[PDB]
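Single-structure report; data block below.
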Amino acid sequence: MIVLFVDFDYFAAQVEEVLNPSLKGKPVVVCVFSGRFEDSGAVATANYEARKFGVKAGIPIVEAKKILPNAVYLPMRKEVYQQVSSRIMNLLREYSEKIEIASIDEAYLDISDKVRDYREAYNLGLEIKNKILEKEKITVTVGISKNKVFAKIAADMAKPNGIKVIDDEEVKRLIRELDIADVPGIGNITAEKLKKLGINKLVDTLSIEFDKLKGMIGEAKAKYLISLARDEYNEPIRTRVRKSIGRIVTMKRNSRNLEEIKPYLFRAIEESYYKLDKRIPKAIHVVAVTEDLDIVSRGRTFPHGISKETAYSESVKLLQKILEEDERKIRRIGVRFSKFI
DNA sequence: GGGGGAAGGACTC
DNA sequence: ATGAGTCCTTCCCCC
Ligand SMILES: [Ca+2]
Ligand SMILES: [Ca+2]
């Protein structure tokens, strides 16, 4: 198989640059302001100018300003980035019918029936980077290899404004040499579990007893990693259909008082129904983030679609249950809708 | 034994 | 110490 992965460069920040070019060359930081206090919230994405100094997605906004007090700080404009992303995704469809939109700035293309080798594959990547640059003035990084996983790794290695092929021989190299923490789907919690087994490379998963591996990291992740180490990983490029839509908002102050929470919960439903646009959910889940950043949820499935008014009443009931069955204060509250008709 | 739903968990970006 | 969404695991009802 030949997979060509497109990863939009520091997307939200770069979009802000396209709309206001004077930002070029400067450290740009797109943030989500939580509104609890002055500058509360976190960084959603920074351009490379900002990243060079350790201003990155995830850190508090306050911290970022300590490091870069004179950087441009901008609020998330999600809807804008989405409209821009949609137009780019529409460009990529010109190069394959087999295309998987993984997120707002990631797309996988099965180009097996378009190019005969990696030479032709790498050229088509150039053609794609150019096209996106011509039409939208956005840079992207293209990663190419025999499966989705290594294509992503190609792009991890080449970003930003890059392009890389990981040919058959280098896959073998990487199975032996690549730090297993850098495998897509291996986070700190799992990396830690693995290192605690001597496993630092994909190849190591082939010499450990399977039950030992499964026993610690679960059956799926084990099968996953072994298949990669065997050079047998296969997952076809599939059109993804969204499976849920939801909104979760930060409360101005923590609480377990139902009337205090209701208004935030209700705003989350309003926004969610806006987002659903024509899709009718059969399942609603209420999601709370506790004071200690734990996540608790209660949901219910219906043998029919959920109307906004049913969402409103059921959500209160589900929030109650959360309050009855857990004593902590809530920091964040929201809703998630799924099981579309 | 395992299918399917609910809730918690990890990870992605 | 934000926000959105996906897949997996555990535990339990049930066949
Ligand atoms: Ca990106
Ligand atoms: Ca990792």
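Protein chains get the first letters and strands the later ones, always in sequence-line order, with residue 1 at the start of each. Values reported hereafter were calculated over all heavy atoms of this structure, with side chains retained and with hydrogens, waters and symmetry mates removed.
- Contact check, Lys243(A) against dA4(C): no side-chain N or O comes under 4.0 Å of OP1 or OP2.
- Of the candidates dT2(C), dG3(C), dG5(B), the closest approach to any side-chain atom of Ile248(A) belongs to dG3(C).
- With no hydrogens or angles considered, a side-chain donor-acceptor pair links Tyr312(A) and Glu270(A) at under 3.5 Å.
- If you measure from atom CD of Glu100(A) to atom P of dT12(B), you get 15 Å, rounded to the nearest angstrom.
- Applying the side chain to side chain donor-acceptor pair (under 3.5 Å) criterion to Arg51(A), with sequence neighbours excluded, gives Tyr48(A).
- Nucleotide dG3(C) holds its P atom 20 Å from the NZ atom of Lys56(A), rounded to whole Å.
- When the side-chain nitrogen and oxygen atoms of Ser103(A) are compared with OP1 and OP2 of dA4(C), none of them lie within a distance under 4.0 Å.
- With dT2(C), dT12(B), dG5(B) as the choices, the nucleotide that has an atom nearest any side-chain atom of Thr301(A) turns out to be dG5(B).
- Side-chain polar atoms of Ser22(A) and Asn20(A) form a donor-acceptor pair below 3.5 angstrom.
- Using a 4.0 Å heavy-atom cutoff across all strands shown, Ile186(A) reaches sugar-phosphate atoms only and no base atom.
- By the 30° and 60° cut-offs, the orientation of the rings of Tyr224(A) relative to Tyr233(A) is perpendicular.
- In this model, the phosphate group of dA1(C) is approached by a side-chain N or O of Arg331(A) to a distance below 4.0 Å at OP1 or OP2.
- Residues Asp39(A) and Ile245(A) both approach DNA chain C. Their nearest nucleotides, taken by heavy-atom distance, put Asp39(A) toward the 5′ side.
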Between side-chain atoms of residues 198-205 of chain A and protein atoms elsewhere (two or more places apart, or another chain), which donor-acceptor pairs fall under 3.5 Å?
| residue | atom | partner | partner atom | Å |
| --- | --- | --- | --- | --- |
| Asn200(A) | ND2 | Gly198(A) | O | 3.0 |
| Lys201(A) | NZ | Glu177(A) | O | 2.6 |
| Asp204(A) | OD2 | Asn200(A) | N | 3.1 |
| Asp204(A) | OD2 | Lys201(A) | N | 3.1 |
| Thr205(A) | OG1 | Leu202(A) | O | 2.7 |

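- Regarding contacts with the backbone of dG5(C), every side-chain N or O of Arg247(A) stays at 4.0 angstrom or more from both OP1 and OP2.
- Atom pair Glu324(A):CD and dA7(B):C1' shows a separation of 16 Å (rounding to whole Å applied).
- Side-chain atoms of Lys262(A) do not come within 3.5 Å of backbone N or O of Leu258(A) as any donor-acceptor pair.
- Inspection of the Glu100(A) and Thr239(A) side chains reveals no N or O donor paired with an N or O acceptor under 3.5 Å.
- Of the two residues contacting DNA chain C, namely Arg242(A) and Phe33(A), the nearest-nucleotide position lying further toward the 5' end is that of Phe33(A).
- Here the side chain of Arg332(A) is nearest to one of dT2(C), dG5(C), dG5(B), namely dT2(C).
- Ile104(A) places its CD1 atom 14 Å from the P atom of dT6(C), with the value rounded to the nearest Å.
- Checking the phosphate oxygens (OP1, OP2) of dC8(C), no side-chain nitrogen or oxygen of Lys223(A) falls inside 4.0 Å.
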With 3.5 Å as the limit, what N/O pairs link the protein to nucleotides 8-10 of chain B?
| residue | atom | partner | partner atom | Å |
| --- | --- | --- | --- | --- |
| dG8(B) | OP1 | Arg298(A) | NH1 | 3.3 |
| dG8(B) | OP2 | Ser297(A) | N | 2.9 |

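- Here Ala44(A) lies out of heavy-atom contact (under 4.0 Å) with every strand.
- Between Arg77(A) atom CZ and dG3(C) atom P there is a gap of 18 Å when expressed in whole angstrom units.
- At whole-Å resolution of the value, CD1 in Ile217(A) and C1' in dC11(B) are 13 Å apart.
- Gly334(A) comes within 4.0 angstrom of no nucleic acid atom, judged by non-hydrogen atoms across all strands.
- As judged by a 4.0 angstrom heavy-atom cut-off over every strand, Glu219(A) is placed among residues touching the sugar-phosphate backbone only.
- To the nearest angstrom, P of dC8(C) lies 11 Å from OH of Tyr224(A).
- Between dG5(C) and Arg336(A), a contact under 4.0 Å exists linking OP1 or OP2 to a side-chain N or O.
- Heavy-atom minimum distance, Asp9(A) versus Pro160(A): OD1-CA, 3.6 Å.
- Side-chain contact of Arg332(A) with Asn254(A): a donor-acceptor pair under 3.5 Å is absent, judged by distance alone.
- Nucleic acid contact for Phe37(A): sugar-phosphate only, since backbone atoms but no base atoms lie under 4.0 Å from a heavy atom of the residue.
- The CZ-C1' distance, from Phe11(A) to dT12(B), rounds to 17 Å in whole Å.
- Applying the 4.0 Å criterion to OP1 and OP2 of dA1(C), one finds that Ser34(A) has every side-chain N and O outside that range.
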